[PDB]
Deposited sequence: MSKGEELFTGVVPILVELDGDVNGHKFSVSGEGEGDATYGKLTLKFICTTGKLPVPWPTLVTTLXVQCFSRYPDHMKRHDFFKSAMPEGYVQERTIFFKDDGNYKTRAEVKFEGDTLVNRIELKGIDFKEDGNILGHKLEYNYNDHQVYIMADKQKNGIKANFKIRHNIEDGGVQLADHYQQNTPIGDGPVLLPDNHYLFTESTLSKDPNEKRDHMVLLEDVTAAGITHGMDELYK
């Protein structure tokens, strides 16, 4: 089983290559994950200087295999079941009254490490909008990700809303559409409809000079 790969604390690498309205940028990430408790601790740095979008808009894109699926839930954990060969995760993210991100990622084991490698393409963003104008608060709300099986593609799909607090007290909505398909040929667990309940807290490393994000995350799956 893939779930045996997540019994302990697992190191994580994240590589992101991005392009939003022509602005190219890159983000690397490292940390570890404890699927037994649904916990992540990561640190992301922009390796191309200043990040051209607010860090919270990249959270969802920047390892749902680390979600805590409880005992009575084990057969709905598609993410771990595709390991180690991993899975492709694709999303379209529509920022209400602004542009959109399109992301292709591969989440798989590369030797010792859970790696998430991402291509991100952004278009149609307003230059004085909430994203390219950096008008979004440096924090993150709680969300419920609705997960549905996609038997046709031997995987899962999901659709959910992410609320970004706007600096002046608004909400910037980012409607997510997602689908995941395994990389390997092995059999995979196809869930019933269920939720992923997420929490996220963002902080800074006082000793880090680059543009960066320290992220702690708690996710547990919940049924019916």
- Message: Numbered from 1 along the deposited sequence, what ranges are absent from the coordinates?
- Response: 1-2, 65, 228-236
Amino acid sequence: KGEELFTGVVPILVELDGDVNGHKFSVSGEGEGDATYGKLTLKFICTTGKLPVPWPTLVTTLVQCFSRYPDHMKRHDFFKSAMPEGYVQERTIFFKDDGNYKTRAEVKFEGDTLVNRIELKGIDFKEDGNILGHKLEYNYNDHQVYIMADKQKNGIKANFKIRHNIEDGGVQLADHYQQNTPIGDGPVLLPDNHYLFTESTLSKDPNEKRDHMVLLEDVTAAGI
From here on, numbers count along this sequence of modelled residues.
- Note on the structure: Once average C-alpha B-factors are taken from the entry for 165-173 and 190-198, the winner is 165-173
- Item | Residue stretch of maximal mean CA temperature factor, 181-189 vs 29-37 | 181-189
- Query: Which one, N116, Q152, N139, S81, has the peak C-alpha temperature factor per the PDB entry?
  - Reply: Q152
- Within this chain's modelled residues, let me know which third the CA B factor of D17 belongs to: lowest, middle or highest. highest
- Compare the C-alpha B factor of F94 with those of the other modelled residues in its chain, then answer lowest, middle or highest third. middle
- Item | CA B-factor placement of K209, once the chain's modelled residues are sorted into thirds | middle
- Going by what the PDB entry lists, where does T61 fall on CA B-factor within its chain: lowest, middle or highest third? lowest
- Query: Once the chain's modelled residues are ordered by C-alpha B factor and cut into thirds, is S67 in the lowest, middle or highest one?
  - Reply: lowest
